[PDB]
């Protein structure tokens, strides 16, 4: 059962940015406490999995939007905005995209993969626009996800292998043409550490924007840990923000490295407070902060963990109180 009378989390940040959460379509019924926590605390929603490539086009031409639409319907019912995650990724993407259809032992050509990417992107954006029109809650999409490797080079996924480095620009071009009202984001992890990957993201977006690619923002996943350095996060936000693009914290959670002790929860509270003070200070750049999961019991991190503001019993943790 949830605490109904404590402050609605997002309301604390109404003069800063929307506070969202990634959800599962099976946790949206009125009588479900996870759904109750969702509607109470967040004014933005993201599909944890239902809008990924495999979730939307499992086999070629066979689009499965029911779960995604259920989440959209819920967002509309609760006056929430949404982020669309994600049009291209190297995980949770069906193998068929990359296969020659006449000979599945061989790879698709650059032209075929680009056409499939265009058809997927266009169908996905046209689906939400035609089904929901002006009520579509999605304000932007993670057009590409995790396209850098951890050394800052372009990740050598099948997209890069078959098409070449311009596949990124093409994804943005296709998305922009399908729905110019959508804000387009490039999303990634570890770019908050002010290391080689942060520099690589800055370099890549600088290059693509100067070439006219319609990139509107950079999504920083923010899968941080109990040991993360706030100074590095601040430096990363400043560097990326200098490009004149929006910054969104897209998948926030805190890896506790197996220590879920009460002492660790207090340390987590101090770190989350510093993190949100930083986000507030950077409100001129940050346009959304989204948690990757509603409560600890449904976090994607392996156990044991305690990554979020609500615990495995759906109760507000010390970090929640520290922030509000």
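Positions refer to the first chain, counted from 1.
When the two stretches 45-53 and 31-39 are set side by side, the higher mean Cα temperature factor goes to 31-39. For the pair 145-153 and 161-169, the record assigns the higher mean C-alpha temperature factor to 145-153.
The maximum CA B-factor among the listed residues 176, 129, 110, 223, taken from the PDB record, is found at 129. Looking only at 94, 219, 133, 84, the residue with the top Cα B factor in the deposited structure is 133. In the deposited entry, the Cα temperature factor of residue 290 places it in the lowest third of its chain's modelled residues. Among the modelled residues of the chain, residue 188 sits in the lowest third by CA temperature factor in this PDB entry. Per the deposited record, the Cα B-factor of residue 282 falls in the highest third when ranked against the other modelled residues of its chain. Looking at the C-alpha B-factors along this chain, the one for residue 299 belongs to the lowest third. Ranked against the other modelled residues of its chain, the C-alpha B-factor of residue 100 as given in the entry falls in the middle third.
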